[PDB]
Amino acid sequence: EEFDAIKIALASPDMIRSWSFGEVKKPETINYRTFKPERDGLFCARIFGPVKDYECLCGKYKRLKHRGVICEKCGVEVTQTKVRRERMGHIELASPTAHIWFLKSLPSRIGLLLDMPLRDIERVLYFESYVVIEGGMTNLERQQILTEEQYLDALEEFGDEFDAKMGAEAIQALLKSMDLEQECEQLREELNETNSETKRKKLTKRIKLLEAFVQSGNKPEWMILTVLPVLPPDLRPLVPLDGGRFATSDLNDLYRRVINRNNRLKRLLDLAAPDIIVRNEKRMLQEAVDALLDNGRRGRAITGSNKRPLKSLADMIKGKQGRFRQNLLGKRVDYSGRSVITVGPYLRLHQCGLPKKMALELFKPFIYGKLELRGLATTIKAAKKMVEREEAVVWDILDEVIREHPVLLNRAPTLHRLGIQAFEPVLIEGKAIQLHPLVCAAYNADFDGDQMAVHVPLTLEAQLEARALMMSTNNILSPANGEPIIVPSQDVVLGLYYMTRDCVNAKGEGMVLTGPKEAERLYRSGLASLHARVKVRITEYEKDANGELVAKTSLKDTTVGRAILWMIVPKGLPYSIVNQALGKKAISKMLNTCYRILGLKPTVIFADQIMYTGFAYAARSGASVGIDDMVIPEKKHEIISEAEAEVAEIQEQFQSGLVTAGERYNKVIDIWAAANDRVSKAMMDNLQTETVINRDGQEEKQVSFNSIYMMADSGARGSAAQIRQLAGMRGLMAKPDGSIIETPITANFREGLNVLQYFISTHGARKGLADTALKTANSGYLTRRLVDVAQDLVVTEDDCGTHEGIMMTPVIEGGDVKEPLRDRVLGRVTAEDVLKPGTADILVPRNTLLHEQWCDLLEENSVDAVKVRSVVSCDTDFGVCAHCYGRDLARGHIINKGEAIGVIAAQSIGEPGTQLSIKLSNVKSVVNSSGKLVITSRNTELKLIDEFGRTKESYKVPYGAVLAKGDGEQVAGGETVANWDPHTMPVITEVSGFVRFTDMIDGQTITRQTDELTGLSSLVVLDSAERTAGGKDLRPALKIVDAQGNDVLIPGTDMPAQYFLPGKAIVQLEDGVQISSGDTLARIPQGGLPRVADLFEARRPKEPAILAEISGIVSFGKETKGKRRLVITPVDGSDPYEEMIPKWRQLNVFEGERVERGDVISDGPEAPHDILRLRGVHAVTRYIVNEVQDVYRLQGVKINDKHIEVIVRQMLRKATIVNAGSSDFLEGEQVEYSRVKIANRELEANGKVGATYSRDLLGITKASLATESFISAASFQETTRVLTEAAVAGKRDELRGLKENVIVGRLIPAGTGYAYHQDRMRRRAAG
Amino acid sequence: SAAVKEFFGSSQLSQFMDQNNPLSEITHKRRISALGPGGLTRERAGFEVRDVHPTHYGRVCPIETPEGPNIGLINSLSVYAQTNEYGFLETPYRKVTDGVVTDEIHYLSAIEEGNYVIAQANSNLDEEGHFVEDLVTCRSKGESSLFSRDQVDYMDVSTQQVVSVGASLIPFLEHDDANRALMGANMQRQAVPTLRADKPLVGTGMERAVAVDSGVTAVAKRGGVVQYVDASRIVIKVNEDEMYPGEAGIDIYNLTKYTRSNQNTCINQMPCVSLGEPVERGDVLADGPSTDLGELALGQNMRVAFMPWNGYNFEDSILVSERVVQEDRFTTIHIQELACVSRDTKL
Amino acid sequence: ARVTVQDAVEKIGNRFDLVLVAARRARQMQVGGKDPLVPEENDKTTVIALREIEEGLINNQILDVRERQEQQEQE
Amino acid sequence: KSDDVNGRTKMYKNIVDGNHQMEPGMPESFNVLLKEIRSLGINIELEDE
DNA sequence: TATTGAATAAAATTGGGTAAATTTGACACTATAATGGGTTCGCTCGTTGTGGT
DNA sequence: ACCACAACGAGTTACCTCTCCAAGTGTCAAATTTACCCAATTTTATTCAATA
RNA sequence: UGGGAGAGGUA
Ligand SMILES: [Mg+2]
Ligand SMILES: [Zn+2]
Ligand SMILES: [Zn+2]
C-alpha cells in the first residue's frame, strides 16, 4: 500500500525459519478415506491454517465467537482460510544441499566465488573426490581437491593435521572459511600484474562478485541450503477430477520426494548406516531438492506417470506460460465481451454497434445502480431478478446507461496503439458488433470472420481517458508517420472514382449550370450523367493571411459528379482537389489537405461525408465483374509463338554445342521475360484504351470504363501485376530452391491452367503461405524485444539545453533522391541556425519547431544540410526532453512531457514487420600527360551540385575507375561519364620516368615466365608463401625512378618512392619503358525482416570489414603466414598495435600511403560496434537509421526516423570505463552512461578530475537484459539468470519503468499518471 | 489392455473425428500427418519439409492443407493414390506401347516414375490410339519438357489425379489461384448440413462418389423391389437371381434419426426411394445429413449479384435477402447433450 | 464536446492534465453533490465537465481557488 | 477488473452506489509471485520506503 | 466546604521453569536359492561458457 | 589467444472446440506438551491529608 | 472446484 522499492537478496536459514509456520515432517498430502489433511503433512491445518472460514478441523469451535483459539483436540487455529495461501512452512534437511541456481546457472558464482572449476565442484558434490579445507602442513594448500587414493595415503601420512570433507558440507565449510575482504584486497593487488585481457576480465569478474557480496551484506554460506521453505498449500492445490480420482500437483509430488528422502536420511544417519549407503542417500536428497527447485537444469528431468516432466518452481516463474508474462504483465479481465464483427456503414466515426444482450451483460452493476436510484427495485436481489426477466424498464435503463459511456474495442494482435480505440456504443439487435468501415485499416480488420473484444471503462478517469485520448475521432493521424490512418478503402474509393471520372459524350454535355445543386437535380432527375463534361458556377473559399475566409466565384469547367462532390467538400478547400478523377492517393491527399487547412472536426465530418457519398455512388454505379471484362490481347498467341521459336532456336543451338547450359538457360530466362513484359504491355494497352467508339467531335480515344481497369486504376483493390495474372500471362514461377524454371506459365486465370502449370504454381503458393505465418511469429518476437528495450523512455523535460545535433541530408543514394529534406526534417527542432550567404541568408532561430511553413522556407531558400536535435544526443538523465524529440506525430504539435515515446517508437517499428555542375570531395587525384583523370585514392566520390545550391546525385567512384570530366563544368544530361573496369583494379603510379626493377631478385620473390596470352616476356610476381630462404626477408618494392636511375623525392616528406606490390599480380610492362602519372603496371582481378532484426540485435556480420584504428602510415610487422600481421603507425606517436588478418580476405589500401581514422582497409559489410568506437554516436545512428529505412522503403512503408533514433538511444545506455577518475568506477567494467555522466557532473562541480569512458553498442536483447531494473529484465527473459544475479548482488528496483509499475499494479509514470508520480517523488523527496 | 487403450485413447494420431459433413469424415480418414510418435515436431520444422516436392504428383495433394502452423505437416491423400506392400505411396499410370495408349494401368512408386517418361493428362488422343500431335508435354526426373510420341513411356490415368477429394469437388479449380483454392478446399469441410439439402447446379462428378464412399448414406446391398418405406425403416424384397437359396430374401434398412454428431450437429437419414420402386445393387435408398439423391450437397444455390451495395458488402461482407431466411435455406439443427450426474459426496 | 475534445485541449494545453482536471470536476458533479455551470442538456457528468472546460469556466487553478474558498467558508 | 480481491468488491459496490471511483491495491498474482520467489530460497520483499 | 500528589496493599500479568502426563516414531510379525537397470536421436540461430597448442 | 564444442532459450496475439489425466494390533524409549509453582513487575483500587 | 497436457480450428 505504501512502499517505494523492492529488494531481493539471499535467504538466511534463520529468515527461512522466520517466514515459516511449522516444520513439515510427513509427506502425506491428505487422507483419502475422509477429505481431511494429515498432521505435519504438506497440507497440515495446524501449520498452514483451517480449511474452513472460522472453523477448526475436528469441529469444536465452528463460530466466529472464537476469532482465534488453538483447538486442543486438533491444534488448529480458528481463523479465516485466507491464511492458507499465505502461511509457509519449512523442511529441516539433514545434510545441507547445494542450491541448483547458484550452481548450474552459468557462470556458477560458487565456482566464481571460490575460483574452482564447476567440474571439480560437481565432483565434490557427487561424493567422488574429497576437498581439503584446512591444513597445518605446507603439503596441502587450500581447495586442493584429492581423490580417494590421495585422501587415504594423506590420511596415513598426516591423519589429523588436515581435514578434508565431501559433499555440500565441504563446500559450505569452504564458503564459511573464506575471507571476503582479504580476498578483495588480494584480488585488487593481483589485478595490476597481469596484462592479458582474458585474465584481466576474469579478475574483474571475481572482484565484482566479491565486492557485490561485501556491499550487499549477505554471507556466502547462504548459497548452500540448510533449510528449505515450503510453498503455501493453496498456491499448489489438489484439484479433484470428475472421476472421483485426483490429478495431484507437480509441486506436491516434488515436495513428497524431498520429504521422503530427507526422512530416510535422518533414519540412516541416526541408525549409524554404512558410509556408502548414507552417501547415496545424501546424493539422492541433493538430486530431489535440485529437481524441485529446477527439474531440467542438472541431470535428466524427473518425469511423472504421464511421461511428462514435472513443473518446478522455476518453471512456474519463467517462460511465456509463467507468472510474469501470463498473469502479471497481462491478465484476464472482467466487464469484457467478445463477438464477431460486421460493417457499420451507417455509423459515425465515434460510434460502434453494440448488441443488446452483450451490453446488458457488460453494464449490469450500472443497471442495478440506476434501478435502485429510480426506486424500481427494493434490493439487489429484486434488481437481479428484474434484469434476469428483462423488463422494458430494464431496456430503458440500459438505453440511459449506455448513452455517453464509451467502450473500448480491441482486435488481436494489437501491433500498434490503434489496435484499441474507444467508441460510443449504439444498441443494436443481433449478436455481431458493427464496426465503422474507416477504422478497419487501423485495426487491420476485415469481415471474413474477425472477432473483437469489448472492454467497459468503469471509473470516471478511465471514461475521460477513453473520451480524451483513445476516441477514434481523436487519433486521425498515425503515431508512426504524420499521415492519416483514416483513408477510404476500395468502395468509397471506387464510388468517388466513378463519380469524378469523365466521359466524352455521356448525356447532357455542354450545358451551363447554376451550381452544384442544379447538377444534383439534373443527375437525380435523369437529364444528365455523372460524367457529362459541363460548366457549373463554383463558389469556393480561401483562408486569407489572417484566419478569415475570403469568397470567390467563377465559371469552372468540370463534370456533374465533381459538382456533386463539391456539395460535401467543406468551405476552405479549392476546386483543384475535386476537379480530377479521384483515386485512393487523391482522396487521402484531399483528407490530409483538409486537415492541414481546417483542423480536426471538419476533417472528421468530411471523412464521414466522403464515406457516405462513396458508398452511395458505388452502389448506384452498379460495377461488377464478368468473364468478358478480363480481355486478353489477341497478339498473345503471336508473342507466345515467337518466344517458342526463340527457345527452339536456342535449343538447336545447344544441340549444335555452340552455347553451354548456364548462359543458355539465362538467355531462355531473358527471352521469356521479354515475352512476358511484351504481352503485359499489350494487355495493359488493350485494357486501358479500347473504349474509342464515341461521337460529337469524332471517334476518339478515352480512358476505358472496364470495371477491372477501374478497380485497378482507382487504387481500390488490385494492381497491374494481378491484372497481368488475370488477363495477360501468369509469368515465370520458381522452384522451391530459389531457381526460376525454364518454361513459364503461359496461361492465365481466365483461360485456366493445365495440371502441370497448377502444380508448378503450388510451390510458390505454399511457400508464401508458410512465410506469412513465420513472419508473424518473427515480427511479434521483434516487437516484444523492442518494447522491452524501450519501455522506460518517457519525455521528462521540456528543454535539455544542448547544442548537439544530427546533420540531416537528403538521401541521394543510387541514381535519384530517395527521401527529400522536407519530410526528412519536418517536425524536428533545429540544433542551431542555418548559416549561408546563399540566395536569401535565411536565419532560422535556435530551437524552432519546423512546421510546413519553415519547410517551404528552406525549400525556397535552397538549403541542403540542417542540424537538428536528435534523441540520441539529449542531455537529460532518465528520459529525454521535448525539444530533442520534436513534434508529436499523432497530434501535430510539440510533444507533451509524460508521453511514452519508447513504446510508441517500438510499436511503430514493429507494426509493419508483417508488411516486410560536377562537384568532387575527398579526392586525392593525379593528372597524367593526357589529362585522363584516373583516381588513386579509395574513399573518393562525386556530387552534382545544381544551379541553386543543392546536391542531386551521388556516386562513389571506385579506386581505379576512369573519369573523363574534371570539376567546375556543368554536367550534361545523358552523358554517363562514369565507366570502369568491372573485374580488376590497378596499382597506378604518380611519378613519371623510366621504371627500374629494383629491390627484387629473380627467382625468390618474382616468377620468371613469359605469358602465353600476350607473348611478351613480362616479369610476374609470386606469393609470399612458396618463397625460398631469400624470400623471407624482403618484399617486392617497385621503386619507380625517373629517366636517369636515382629515386626522386616526394615533396612534403623524405621517404623514397618505392611501393610494395602485392603477390599474384601480373606485371606486363618490363624495364626500359616510360610511365606516366596515373597509368597502371599490374591489374589484379577481383531477407528484410531478418535484416531489421540483425540491425537491431547488433549481430556482427559473417564477413566483417577491418577498419583503420589509428590515423597514420601503414606498414607490416610479420610475414610467412596466411594469418598475417599489420602495423599502422602515426606520424607523431608510437604504435605497438598489431592486427591479425587472414590471407583469404583481400586487402584494400596498400602499405605505402597514409590512411585516415576509421576508413575501410578490407571491403565488406561494416560492424556497428566498430562504426561506433571508430567514428562516433552520430555515425552509428546514421548508419542504423539508413540501413533500417532502406528495408522499410524497399517494402514501401513510411516510418519516421525519430523512432529508430529512440531505439538506438535505448541501445546506447551502457558505457565501459576506460580510465578512472576520483569516483568508485575501477577499470573495464560496464555501467550505465547516465551514472558516469552524473558522477562527472558532480566531480567537475566540486572540482575533481572525473572519469573517462567509451560507449558500447549493446544489442536489443542484451540491453533489455542489462537494464538496471531486475524486475523488468526478469519479466522480459532469462528469469533464472536475472534473479540469480540480482539475489547475489542484492539489488533493488526503484520502480521507475512502465513494466515495473504494471507488474506492481500502480499508475505508470506516463500519461495521466505522470503528474501523480512526480507528486509522489516530491513527497518522498520533501520530508 | 493398458497399451492398446493408451494408444487408441490418447495417442497423438488418435483424433476426435470431424463429422460436420461427410466430406469432413472422408478427409479426416484420408489424412496423412508428418508429426506423431517418431515423426517430426511442429515448432521444430522449417520450409524444407513444408514444400511441395515434385514426387507429390498423384500421391499427395498440393492444395489441401491447413494454413496455420501445421501447413506442410498435415497432408491429404490424392484420389487414386495407393500404398505398396512396404508402405510407399504409388499412383496409377496408363502404359503406352508404340504410341498406342492402352488400358494397361500400372501403379508406380516415386522411384520408378523418375526413370520413365510420363505424358500429361491434358494431351489429346484419337480412337484411344496415338497422340494427335508429335511433340507432347511430359515430365521426367521431376522436371517438365517436350518429348516425341514414340519416346513416351507412360500417361496419367485421369485429370483429377493430383488433387485430393475436397480439392476435386471445387468446380473451375484451374481458374482459382492456389491460395484461395486451398482456403476453399479447407472451408468445404466446415459446412453445416441444412434443413433441406440441395444438389449443386455446378458440380464435378465426385459428389456421388463422396456421398456413397463416405458411408453416411444407406446403399442397397442387393437388388430388388422395395416393399415398405417408413421414415425409419426400408424393407426390400430381393430379386431371385441375387438371392441365396437358404435365406428369406428380405433386407431391412433401419435408419438413424436425429443423432448428435461429434461437432453437435444433426445426423438423420431420410428415405429417397418410394413404395414399389425397383433398386439395384449399389443404389442409394436413404440420404445422409448433407446428401441429396446420393449426391453430396453441402450448401444451397443462391441467386447472387456482384455489385457494391451501400457499404453493406465492404470488406468480404455479405448482404442477404429475406427470402433466404423465410425459406429456411440455411437453417441448421444442432443437437446438444447435457448430462447431470448425481455424485457421492461425503456429506 | 461529445464527439471531440479538441476545443478543451486547446483550452488546457495537455490531454493528460485535461483528463485529471475534468475527472476532478466530474467527481464534484457526480458524488460531490454540486450543480453545473452549463445547462446539462441531459448529458453525463463527464461530458458536462468537458463542455465546461470547452466554454472556459473550469480550470485547474479555478477549481483550486474554488476549493480553497469553500474551505474558508466551511471553516 | 482482475486479481484485486478486496478492490473489485469495493468497485462493484461503488458502481451500484453510483460512485465511479476505485481503490486499487496489490494484485494477488503479485503476492503469488512473491511467495514463489521466496519458496525458491530467495528473499525478495517489498520495502516500506 | 472539597480534588488530588504521595504512598501502599495487592491481585493480575510476564517471564521462566519443571515434573508429570502424553504423543510419536519406530518396531514385531522372520530362516530351501537367489547377489549388477532400464530410459532418444528431422530443429535452427544465436549466445555464452568451457578446454587443447 | 584462438577455436571448437555443450547447454539455454526463443520463436505473434487472442479466440474457440474436443478428450484425457492388503490387514490392523500390541510394545518402548524419547521428546514433546501441559497443568501448574513461583518471583518481578505493574495496574488498579484505597488511605492521608493538603491545598483551594 | 477448476488445474495441466494432447489434438484440431479461426483471424
Ligand atoms: Mg480477415
Ligand atoms: Zn478441533
Ligand atoms: Zn534534449
# chains A, B, ... in the order shown; residues from 1 in each chain; ligands from 1

call {"tool": "interface_residues", "arguments": {"of": "chain E", "to": "chain B", "cutoff": "8 Å", "atoms": "only C-alpha atoms (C1' of nucleotides)", "output": "MDAnalysis selection string"}}
result
chainID E and resid 42:44

call {"tool": "residues_near_ligand", "arguments": {"ligand": "ligand 1", "cutoff": "7 Å", "atoms": "only C-alpha atoms (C1' of nucleotides) and all ligand atoms", "output": "JSON, numbers by chain"}}
result
{"A": [445, 446, 447, 448, 449, 450], "G": [11]}

call {"tool": "closest_residue", "arguments": {"among": "A:966, A:801, A:220, A:1030", "to": "ligand 3", "atoms": "only C-alpha atoms and all ligand atoms"}}
result
A:801

call {"tool": "closest_residue", "arguments": {"among": "A:802, A:754, A:725, A:1028", "to": "ligand 3", "atoms": "only C-alpha atoms and all ligand atoms"}}
result
A:802

call {"tool": "residues_near_ligand", "arguments": {"ligand": "ligand 2", "cutoff": "8 Å", "atoms": "only C-alpha atoms (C1' of nucleotides) and all ligand atoms", "output": "PDB file with N, CA, C and O atoms, in the first residue's frame"}}
result
ATOM      1  N   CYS A  56     -12.583 -25.002  13.259  1.00  0.00           N
ATOM      2  CA  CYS A  56     -11.466 -25.899  13.498  1.00  0.00           C
ATOM      3  C   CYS A  56     -11.656 -27.194  12.712  1.00  0.00           C
ATOM      4  O   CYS A  56     -12.685 -27.421  12.071  1.00  0.00           O
ATOM      5  N   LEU A  57     -10.649 -28.065  12.769  1.00  0.00           N
ATOM      6  CA  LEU A  57     -10.661 -29.266  11.939  1.00  0.00           C
ATOM      7  C   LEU A  57     -11.633 -30.306  12.477  1.00  0.00           C
ATOM      8  O   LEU A  57     -12.488 -30.810  11.740  1.00  0.00           O
ATOM      9  N   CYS A  58     -11.531 -30.632  13.765  1.00  0.00           N
ATOM     10  CA  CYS A  58     -12.372 -31.673  14.339  1.00  0.00           C
ATOM     11  C   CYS A  58     -13.794 -31.210  14.616  1.00  0.00           C
ATOM     12  O   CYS A  58     -14.611 -32.019  15.064  1.00  0.00           O
ATOM     13  N   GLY A  59     -14.109 -29.945  14.366  1.00  0.00           N
ATOM     14  CA  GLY A  59     -15.449 -29.453  14.597  1.00  0.00           C
ATOM     15  C   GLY A  59     -15.746 -29.163  16.047  1.00  0.00           C
ATOM     16  O   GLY A  59     -16.714 -29.699  16.598  1.00  0.00           O
ATOM     17  N   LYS A  60     -14.930 -28.336  16.692  1.00  0.00           N
ATOM     18  CA  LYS A  60     -15.162 -27.976  18.081  1.00  0.00           C
ATOM     19  C   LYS A  60     -15.512 -26.511  18.266  1.00  0.00           C
ATOM     20  O   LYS A  60     -16.280 -26.180  19.174  1.00  0.00           O
ATOM     21  N   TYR A  61     -14.972 -25.624  17.435  1.00  0.00           N
ATOM     22  CA  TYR A  61     -15.218 -24.187  17.540  1.00  0.00           C
ATOM     23  C   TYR A  61     -15.597 -23.688  16.153  1.00  0.00           C
ATOM     24  O   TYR A  61     -14.748 -23.206  15.403  1.00  0.00           O
ATOM     25  N   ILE A  70      -6.524 -22.092  19.600  1.00  0.00           N
ATOM     26  CA  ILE A  70      -5.898 -23.336  19.184  1.00  0.00           C
ATOM     27  C   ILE A  70      -6.711 -24.459  19.812  1.00  0.00           C
ATOM     28  O   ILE A  70      -6.646 -24.679  21.023  1.00  0.00           O
ATOM     29  N   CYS A  71      -7.505 -25.142  18.992  1.00  0.00           N
ATOM     30  CA  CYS A  71      -8.347 -26.234  19.464  1.00  0.00           C
ATOM     31  C   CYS A  71      -7.469 -27.393  19.905  1.00  0.00           C
ATOM     32  O   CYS A  71      -6.817 -28.032  19.076  1.00  0.00           O
ATOM     33  N   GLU A  72      -7.468 -27.678  21.210  1.00  0.00           N
ATOM     34  CA  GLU A  72      -6.555 -28.658  21.790  1.00  0.00           C
ATOM     35  C   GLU A  72      -6.820 -30.086  21.330  1.00  0.00           C
ATOM     36  O   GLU A  72      -5.956 -30.949  21.510  1.00  0.00           O
ATOM     37  N   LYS A  73      -7.989 -30.356  20.751  1.00  0.00           N
ATOM     38  CA  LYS A  73      -8.214 -31.662  20.149  1.00  0.00           C
ATOM     39  C   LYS A  73      -7.431 -31.825  18.854  1.00  0.00           C
ATOM     40  O   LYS A  73      -6.994 -32.937  18.536  1.00  0.00           O
ATOM     41  N   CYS A  74      -7.238 -30.742  18.094  1.00  0.00           N
ATOM     42  CA  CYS A  74      -6.620 -30.869  16.781  1.00  0.00           C
ATOM     43  C   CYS A  74      -5.609 -29.778  16.451  1.00  0.00           C
ATOM     44  O   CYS A  74      -5.112 -29.751  15.320  1.00  0.00           O
ATOM     45  N   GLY A  75      -5.287 -28.877  17.378  1.00  0.00           N
ATOM     46  CA  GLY A  75      -4.209 -27.924  17.181  1.00  0.00           C
ATOM     47  C   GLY A  75      -4.452 -26.831  16.163  1.00  0.00           C
ATOM     48  O   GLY A  75      -3.518 -26.082  15.858  1.00  0.00           O
ATOM     49  N   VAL A  76      -5.665 -26.700  15.640  1.00  0.00           N
ATOM     50  CA  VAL A  76      -5.943 -25.821  14.511  1.00  0.00           C
ATOM     51  C   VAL A  76      -6.418 -24.471  15.023  1.00  0.00           C
ATOM     52  O   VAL A  76      -7.388 -24.393  15.783  1.00  0.00           O
TER      53      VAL A  76
END

call {"tool": "residues_near_ligand", "arguments": {"ligand": "ligand 3", "cutoff": "8 Å", "atoms": "only C-alpha atoms (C1' of nucleotides) and all ligand atoms", "output": "MDAnalysis selection string"}}
result
chainID A and resid 797:802 869:871 873:876 880:885

call {"tool": "write_last_selection", "arguments": {"atoms": "N, CA, C and O atoms", "output": "PDB file, in the first residue's frame"}}
result
ATOM      1  N   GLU A 797      11.304  16.130 -19.663  1.00  0.00           N
ATOM      2  CA  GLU A 797      11.789  17.501 -19.629  1.00  0.00           C
ATOM      3  C   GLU A 797      11.236  18.258 -20.824  1.00  0.00           C
ATOM      4  O   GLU A 797      10.774  17.665 -21.801  1.00  0.00           O
ATOM      5  N   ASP A 798      11.295  19.583 -20.736  1.00  0.00           N
ATOM      6  CA  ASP A 798      10.870  20.446 -21.828  1.00  0.00           C
ATOM      7  C   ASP A 798      12.026  20.817 -22.745  1.00  0.00           C
ATOM      8  O   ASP A 798      11.871  20.794 -23.969  1.00  0.00           O
ATOM      9  N   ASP A 799      13.184  21.148 -22.182  1.00  0.00           N
ATOM     10  CA  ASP A 799      14.351  21.501 -22.982  1.00  0.00           C
ATOM     11  C   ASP A 799      15.599  21.150 -22.193  1.00  0.00           C
ATOM     12  O   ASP A 799      15.821  21.699 -21.111  1.00  0.00           O
ATOM     13  N   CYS A 800      16.408  20.242 -22.732  1.00  0.00           N
ATOM     14  CA  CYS A 800      17.605  19.799 -22.035  1.00  0.00           C
ATOM     15  C   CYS A 800      18.738  20.806 -22.124  1.00  0.00           C
ATOM     16  O   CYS A 800      19.658  20.756 -21.301  1.00  0.00           O
ATOM     17  N   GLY A 801      18.693  21.714 -23.093  1.00  0.00           N
ATOM     18  CA  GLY A 801      19.722  22.724 -23.227  1.00  0.00           C
ATOM     19  C   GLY A 801      21.027  22.184 -23.769  1.00  0.00           C
ATOM     20  O   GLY A 801      22.040  22.173 -23.064  1.00  0.00           O
ATOM     21  N   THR A 802      21.018  21.724 -25.015  1.00  0.00           N
ATOM     22  CA  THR A 802      22.215  21.215 -25.660  1.00  0.00           C
ATOM     23  C   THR A 802      22.426  21.931 -26.985  1.00  0.00           C
ATOM     24  O   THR A 802      21.541  22.618 -27.502  1.00  0.00           O
ATOM     25  N   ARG A 869      18.191  18.702 -33.367  1.00  0.00           N
ATOM     26  CA  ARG A 869      18.387  17.977 -32.119  1.00  0.00           C
ATOM     27  C   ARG A 869      17.736  16.609 -32.213  1.00  0.00           C
ATOM     28  O   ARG A 869      16.535  16.504 -32.480  1.00  0.00           O
ATOM     29  N   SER A 870      18.520  15.564 -31.991  1.00  0.00           N
ATOM     30  CA  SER A 870      18.019  14.207 -32.057  1.00  0.00           C
ATOM     31  C   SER A 870      17.773  13.670 -30.656  1.00  0.00           C
ATOM     32  O   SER A 870      17.959  14.355 -29.650  1.00  0.00           O
ATOM     33  N   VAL A 871      17.348  12.410 -30.600  1.00  0.00           N
ATOM     34  CA  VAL A 871      17.051  11.780 -29.323  1.00  0.00           C
ATOM     35  C   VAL A 871      18.312  11.193 -28.706  1.00  0.00           C
ATOM     36  O   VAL A 871      18.449  11.160 -27.478  1.00  0.00           O
ATOM     37  N   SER A 873      21.286  12.380 -28.670  1.00  0.00           N
ATOM     38  CA  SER A 873      22.186  13.400 -28.157  1.00  0.00           C
ATOM     39  C   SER A 873      21.511  14.280 -27.116  1.00  0.00           C
ATOM     40  O   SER A 873      21.956  15.405 -26.877  1.00  0.00           O
ATOM     41  N   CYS A 874      20.438  13.794 -26.501  1.00  0.00           N
ATOM     42  CA  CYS A 874      19.748  14.573 -25.487  1.00  0.00           C
ATOM     43  C   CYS A 874      20.545  14.578 -24.193  1.00  0.00           C
ATOM     44  O   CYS A 874      21.157  13.580 -23.808  1.00  0.00           O
ATOM     45  N   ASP A 875      20.533  15.722 -23.519  1.00  0.00           N
ATOM     46  CA  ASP A 875      21.318  15.902 -22.308  1.00  0.00           C
ATOM     47  C   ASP A 875      20.597  15.431 -21.054  1.00  0.00           C
ATOM     48  O   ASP A 875      21.196  15.446 -19.975  1.00  0.00           O
ATOM     49  N   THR A 876      19.339  15.017 -21.169  1.00  0.00           N
ATOM     50  CA  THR A 876      18.556  14.664 -19.995  1.00  0.00           C
ATOM     51  C   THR A 876      18.980  13.311 -19.442  1.00  0.00           C
ATOM     52  O   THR A 876      19.313  12.391 -20.191  1.00  0.00           O
ATOM     53  N   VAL A 880      14.136  11.832 -21.986  1.00  0.00           N
ATOM     54  CA  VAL A 880      14.544  12.817 -22.976  1.00  0.00           C
ATOM     55  C   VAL A 880      13.755  14.097 -22.743  1.00  0.00           C
ATOM     56  O   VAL A 880      12.788  14.132 -21.985  1.00  0.00           O
ATOM     57  N   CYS A 881      14.191  15.158 -23.409  1.00  0.00           N
ATOM     58  CA  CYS A 881      13.493  16.431 -23.390  1.00  0.00           C
ATOM     59  C   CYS A 881      12.552  16.522 -24.583  1.00  0.00           C
ATOM     60  O   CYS A 881      12.669  15.775 -25.555  1.00  0.00           O
ATOM     61  N   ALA A 882      11.608  17.458 -24.500  1.00  0.00           N
ATOM     62  CA  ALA A 882      10.602  17.571 -25.549  1.00  0.00           C
ATOM     63  C   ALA A 882      11.173  18.188 -26.817  1.00  0.00           C
ATOM     64  O   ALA A 882      10.745  17.837 -27.922  1.00  0.00           O
ATOM     65  N   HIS A 883      12.138  19.098 -26.676  1.00  0.00           N
ATOM     66  CA  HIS A 883      12.745  19.724 -27.843  1.00  0.00           C
ATOM     67  C   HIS A 883      13.625  18.752 -28.612  1.00  0.00           C
ATOM     68  O   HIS A 883      13.705  18.833 -29.840  1.00  0.00           O
ATOM     69  N   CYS A 884      14.287  17.831 -27.914  1.00  0.00           N
ATOM     70  CA  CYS A 884      15.120  16.853 -28.602  1.00  0.00           C
ATOM     71  C   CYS A 884      14.280  15.838 -29.360  1.00  0.00           C
ATOM     72  O   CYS A 884      14.727  15.311 -30.383  1.00  0.00           O
ATOM     73  N   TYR A 885      13.066  15.557 -28.888  1.00  0.00           N
ATOM     74  CA  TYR A 885      12.165  14.699 -29.649  1.00  0.00           C
ATOM     75  C   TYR A 885      11.568  15.455 -30.826  1.00  0.00           C
ATOM     76  O   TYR A 885      11.767  15.084 -31.988  1.00  0.00           O
TER      77      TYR A 885
END

call {"tool": "select_by_dssp", "arguments": {"residues": "chain D", "states": "helix (DSSP H, G or I)", "output": "list in words"}}
result
residues 5, 6, 7, 8, 9, 10, 11, 12, 13, 14, 15, 16, 28, 29, 30, 31, 32, 33, 34, 35, 36, 37, 38 and 39 of chain D

call {"tool": "residues_around", "arguments": {"residues": "residue 34 in chain D", "least_positions_apart": "5", "cutoff": "12 Å", "atoms": "only C-alpha atoms (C1' of nucleotides)", "output": "PyMOL selection string"}}
result
(chain A and resi 6-8+85-86+88+231-232+235+313+316-317+323-324+328+1271+1303-1304) or (chain D and resi 26-29+39-46)

call {"tool": "write_last_selection", "arguments": {"atoms": "C-alpha atoms", "output": "short mmCIF file (atom, residue, chain, number, x, y, z; two decimals), in the first residue's frame"}}
result
data_model
loop_
_atom_site.label_atom_id
_atom_site.label_comp_id
_atom_site.auth_asym_id
_atom_site.auth_seq_id
_atom_site.Cartn_x
_atom_site.Cartn_y
_atom_site.Cartn_z
CA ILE A 6 11.50 -3.90 -3.98
CA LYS A 7 14.64 -5.56 -2.64
CA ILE A 8 15.97 -9.03 -3.44
CA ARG A 85 -2.35 -19.23 0.74
CA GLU A 86 -0.09 -17.01 2.87
CA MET A 88 4.64 -21.02 4.55
CA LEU A 231 5.03 -23.04 -0.62
CA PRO A 232 1.61 -22.43 0.99
CA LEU A 235 -0.87 -21.95 -4.06
CA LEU A 313 9.12 -23.51 -9.05
CA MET A 316 6.30 -21.60 -12.57
CA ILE A 317 8.30 -18.35 -12.52
CA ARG A 323 3.79 -15.97 -13.80
CA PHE A 324 5.16 -12.69 -15.22
CA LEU A 328 1.31 -10.22 -14.24
CA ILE A 1271 12.05 -6.89 -12.27
CA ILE A 1303 3.71 -5.66 -12.53
CA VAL A 1304 3.29 -3.96 -9.16
CA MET D 26 -1.84 -5.10 -4.59
CA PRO D 27 -2.51 -7.86 -7.12
CA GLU D 28 -2.93 -11.30 -5.60
CA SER D 29 -0.94 -12.70 -8.52
CA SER D 39 9.97 -20.52 -1.83
CA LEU D 40 12.87 -20.71 -4.28
CA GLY D 41 15.22 -19.82 -1.39
CA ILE D 42 15.49 -16.17 -2.42
CA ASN D 43 14.49 -13.42 -0.01
CA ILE D 44 12.51 -10.90 -2.04
CA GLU D 45 10.42 -8.41 -0.10
CA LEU D 46 8.58 -5.16 -0.55
#
